[PDB]
Amino acid sequence: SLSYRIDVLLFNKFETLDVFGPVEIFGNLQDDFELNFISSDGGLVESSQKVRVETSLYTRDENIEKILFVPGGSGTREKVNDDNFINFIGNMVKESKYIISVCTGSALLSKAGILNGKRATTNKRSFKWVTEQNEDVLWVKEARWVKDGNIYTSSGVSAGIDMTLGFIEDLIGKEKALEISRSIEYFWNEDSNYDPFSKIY
Amino acid sequence: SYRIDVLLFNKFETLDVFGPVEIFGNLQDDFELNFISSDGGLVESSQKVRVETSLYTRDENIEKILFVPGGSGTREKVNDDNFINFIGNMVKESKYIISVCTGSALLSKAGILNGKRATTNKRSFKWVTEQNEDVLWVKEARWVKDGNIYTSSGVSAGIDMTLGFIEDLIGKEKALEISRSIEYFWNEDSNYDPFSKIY
């Protein structure tokens with residue numbers, strides 16, 4: 001048992017990059033993080049771009065600190081209006097130390113009510129859709145990503161990867177995040193505040 | 001239009017594969033994604049992602065694109081005479097060949113790169129390059145187009161090359177469209193890899 005378990009939540013029609021860019025970063029700190037791919041049913045889950053990934057069921061541990069990671073994608077359109085799924089998420093949040101979302105994953109966290117009275121963001125293309133669902137969230141329009149306590153939310157796919165490296169900086173130290181960037185040859189925009197895509201909407 | 005044969009093997013690099021898949025998979029009227037491996041079934045990435053694959057299958061009703069990622073797995077995989085011949089067999093049959101990272105160590109081993117301009121990630125440049133002196137390796141490039149062959153360096157190069165490929169093949173507007181809808185910041189310059197500096 002290491003320090004952290006990352007519970008990567010997959011569901012039907014998740015966005016491929018929302019999940020895999022961050023995984024590429026977390027999956028390169030294997031003495032720090034236990035990667036756990038979960039979904040409501042276990043088995044293979046298909047992304048919106050047709051990749052099928054093996055997953056398992058969420059299990060509780062008193063024992064290890066848990067980071068819940070919640071991606072976006074088409075599938076949120078229907079997952080928001082699925083009470084049973086939203087209960088699932090809330091169950092998992094109640095138990096996690098850290099909570100991370102990319103894109104419309106924040107719509108799901110919003111529905112679970114965990115972001116009420118919290119600063120958070122979502123991708124710019126879906127900003128209206130997401131935000132108008134919940135007023136009690138201190139939505140932030142322009143940010144690439146927002147940290148609010150132990151909650152980290154981000155916008156589109158670039159922001160989601162850059163946020164993850166930011167999360168590593170916060171948690172493991174910036175020297176580590178840079179080492180990862182350099183070794184996989186990923187260009188990291190450390191600025192979390194100006195999303196150039198906020199512009200066209 | 002095209003079937004993209006994305007070749008997985010044990011310990012592939014996750015982002016080598018899923019960055020480009022995000023792009024291609026956003027043009028589902030132009031490309032059909034087909035994840036293959038030598039055995040079929042589940043293949044695991046170096047980051048522990050298990051992805052389902054099928055066996056390669058011949059079709060002559062559709063043009064094919066062969067996509068080859070890098071990752072740790074390539075060090076062992078350059079040895080598989082069969083694997084390499086498998087690739088060559090597939091290359092012989094494809095309209096385009098694309099690689100990211102050490103994927104080009106494998107393309108090279110198939111000798112497909114002999115006489116061609118090509119690149120690979122900067123961190124592994126020595127190791128890849130010394131395997132074959134008959135390839136015209138380009139050190140400073142993020143990616144390199146030589147004919148119907150496209151090779152890329154690191155993970156960001158991998159995605160930006162895929163958008164460049166979409167531009168070449170389908171038109172630049174479609175490329176910008178995708179990048180804007182998924183909100184991916186696309187670095188269009190294929191020429192100066194900042195990671196060349198390190199090595």
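What you see below is based on every heavy atom in this structure, not just the backbone, and it leaves out hydrogens, waters and symmetry mates. Letters go in sequence order (proteins before strands), and every chain restarts at 1.
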Seminar exercise, completed: Between the CD1 atom in B:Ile159 and the CD1 atom in A:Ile161, the distance rounded to the nearest 0.5 Å is 5.5 Å
Exercise. Does A:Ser158 use its side chain to pair, donor to acceptor, with the backbone of B:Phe185 at less than 3.5 Å?
Worked result: yes
Exercise. Given a strict heavy-atom distance threshold of 4.5 Å, which part of A:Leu17 is in contact with chain B: side chain, backbone, both, or neither?
Worked result: both
Exercise. How far does CZ of B:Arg50 sit from CD of A:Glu54, to the nearest 0.5 angstrom?
Worked result: 4.5 Å
For this session: Return yes if some donor-acceptor pair links the side-chain N/O of B:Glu183 with the main-chain N/O of A:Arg125 below 3.5 Å, else return no.
Result: yes
For this session: Select one option (side chain, backbone, both, neither) describing which atoms of B:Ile182 are under 4.5 Å from chain A's heavy atoms.
Result: both
Exercise. When rounded to the nearest 0.5 angstrom, what distance separates CZ in B:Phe195 from OG in A:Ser181?
Worked result: 7.0 Å
Problem set entry | Region of A:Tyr201 in contact with chain B, defined by heavy-atom distances below 4.5 Å | side chain
Problem set entry | Distance, nearest 0.5 Å, that separates CZ of B:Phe18 from CD of A:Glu24 | 10.5 Å
For this session: With rounding to the nearest 0.5 Å, note down the distance linking CD in B:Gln47 to CZ in A:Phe26.
Result: 13.0 Å
Exercise. What distance separates A:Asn28 CG from B:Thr14 OG1, expressed to the nearest 0.5 Å?
Worked result: 8.0 Å
For this session: Begin from the C-alpha positions of A:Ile200 and B:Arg180 and carry the test side chain to side chain contact (heavy atoms under 4.5 Å, CB included) through to its verdict.
Result: CA-CA 9 Å; A:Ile200 211 51; B:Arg180 287 187 271 99; 5.9 Å; no
